[PDB]
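Remarks on the structure that follows.
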Amino acid sequence: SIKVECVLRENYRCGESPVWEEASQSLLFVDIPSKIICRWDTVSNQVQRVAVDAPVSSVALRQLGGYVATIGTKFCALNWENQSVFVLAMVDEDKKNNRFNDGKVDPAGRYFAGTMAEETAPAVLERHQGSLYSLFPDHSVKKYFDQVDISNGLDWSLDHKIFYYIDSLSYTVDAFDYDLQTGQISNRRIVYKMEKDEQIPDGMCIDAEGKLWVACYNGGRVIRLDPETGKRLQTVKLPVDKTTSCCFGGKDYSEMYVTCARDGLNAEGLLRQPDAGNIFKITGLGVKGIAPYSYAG
Ligand SMILES: OC[C@H]1O[C@@H](O)[C@H](O)[C@@H](O)[C@@H]1O
Ligand SMILES: OC[C@H]1O[C@@H](O)[C@H](O)[C@@H](O)[C@@H]1O
Ligand SMILES: OC[C@H]1O[C@@H](O)[C@H](O)[C@@H](O)[C@@H]1O
Ligand SMILES: [Ca+2]
């Protein structure tokens, strides 16, 4: 009784960073090269978009009101009403051609996000140019580690002592010891090795049983992993190859939303994947996810 359905047919170039906003029953996400932050009201079925002046790679809820996003190499704050967007902090001013990629807020309201050299084609870029950062409620920025190829999916264990992290071109899901009170991490190790047919690990979220779900870019699937054993538990395929990310949403976080891309597909690829770029929902997984945390600054 697992069902995969295409639920929003808007043909995004590279849908990414899905987050469920329970208060409005809306899905927030981005379409990266289209430079828009999107909010899809699942009830009225209307989509609203805020255009920004650079590629926008993630979006998160802002506790005091509105949203935050990573635009270019800048952490930004958004007031949805006035469509006002302003800079909270800048990173990689060091770099001629970087951008943020995936980001998510930690259980203490810190906005974690990492960067990458900009691509000329999917996974074609100058190597090791990224770093992982976090924006504290302070608006101060902590830099964690560099030498990242493409900073990607991330989440936190339910006990808040472990941080899970994907650098896409490492083809592994990694884990760190994590301290909730300070936001520090330590002891990086591999917890899952991607198989060849699982292609590039991209976005990731944890479920209520502590298992990890990873979107497989080019693999046309999400997989469920046990970070304690390093074994895959489950695979769910989708009719689009460039599955980018996933999050839980809907009633009690019982439904999974999956984003995907059409960028990089040739004419044949497009015809073979008519729903490339659209938003998918997966029902009947038999597990629930958890609420997103809101940024505390
Ligand atoms: O800045 C505006 C936003 O503030 C949030 O706290 C509300 O949940 C959104 O519906 C609103 O659009
Ligand atoms: O060396 C200085 C540079 O270090 C980088 O890691 C930071 O992101 C830059 O913003 C800073 O200017
Ligand atoms: O690494 C696979 C893909 O992951 C996405 O998060 C990035 O935005 C893309 O640029 C990248 O090609
Ligand atoms: Ca991604």
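Coordinate-derived values only; no laboratory data. All Cβ positions, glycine included, derive from the backbone under ideal geometry; neighbour counts span all protein chains shown.
Cut-off under 15 Å on the C-alpha distance; same-chain residues fewer than 8 positions from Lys95 excluded. Which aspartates and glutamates are left, in chain and number order? Within the straight-line limit of under 15 Å, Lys95 reaches these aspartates and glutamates: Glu118, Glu119, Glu126, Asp146, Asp149. Using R0 = 22 Å, the C-beta based FRET efficiency linking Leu271 and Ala121 works out to 0.60.
Helical runs assigned H by DSSP (4 residues or longer) give the chain a calculated mean residue ellipticity at 222 nm of -500 deg cm²/dmol, each run adding -39500 (n - 2.57) before division by the residue total. Can you spot the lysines whose alpha carbon is less than 28 Å from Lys281's alpha carbon? Ignore those fewer than 8 places along the same chain. Partners found: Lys3, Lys35, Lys104, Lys193, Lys196, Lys211, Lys231, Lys237, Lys242, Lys251. Across all Cα pairs in segment 126-218, the calculated P(r) in 10 Å bins from zero up to the longest distance comes to 16, 47, 31, 5, 0 percent per bin. Between amide H atoms placed 1.01 Å from N, distances below 5 Å from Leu180 occur with no residue 5 or more places distant or on a separate chain.
Quote the FRET efficiency, to the nearest 0.05, computed for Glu93 versus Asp53 with a Förster distance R0 of 22 Å and r equal to the Cβ-Cβ distance. Numbers along the way, then the final one.
Values: r = 17 Å, r/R0 = 0.77.
The value I calculate is 0.85.
Over segment 28-136, one equal point on each Cα, no solvent: what is log10 I(q)/I(0) by the Debye formula at q = 0.10, 0.16, 0.23 Å⁻¹? The Debye formula, applied to the Cα set alone, gives -0.28, -0.71, -1.31.
Here the Karplus relation 6.51 cos²θ - 1.76 cosθ + 1.60, evaluated at θ = phi - 60°, turns the backbone of segment 195-212 into coupling constants of 7, 3, 6, 8, 6, 9, x, 10, x, 8, 9, 8, 10, 5, 9, x, 8, 9 Hz, with x for every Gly and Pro. Using the Karplus relation 6.51 cos²θ - 1.76 cosθ + 1.60 with θ = phi - 60°, the per-residue 3J(HN,Hα) values for segment 57-66 come to 10, 7, 8, 9, 6, 10, 4, 6, x, x Hz, with x marking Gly and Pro. For the chain, the alpha carbon convex hull comes to 122 Å³ per residue, rounded to a whole number.
What ranking of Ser26, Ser58, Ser186 emerges when the number of other C-beta atoms within 10 Å of each C-beta is taken as an exposure proxy, fewest first?
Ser186, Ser26, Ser58
For segment 54-130 versus segment 175-214, the inter-centroid distance based on Cα atoms is 20 Å. Normalised by the number of residues in the chain, the mean separation of alpha-carbon contacts (under 8 Å, six or more apart) gives a relative contact order of 19 percent. Label point of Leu233 set 7 angstrom out along Cα-Cβ; within segment 161-179, amide nitrogens under 20 Å from it belong to 161-166, 172-176.
Can you give the percent of C-alpha pairs in segment 169-227 whose distance is more than 17 Å? Walk me through the numbers on the way to the answer.
On the way: 743 of 1711 pairs.
It works out to 43 percent of all Cα pairs.
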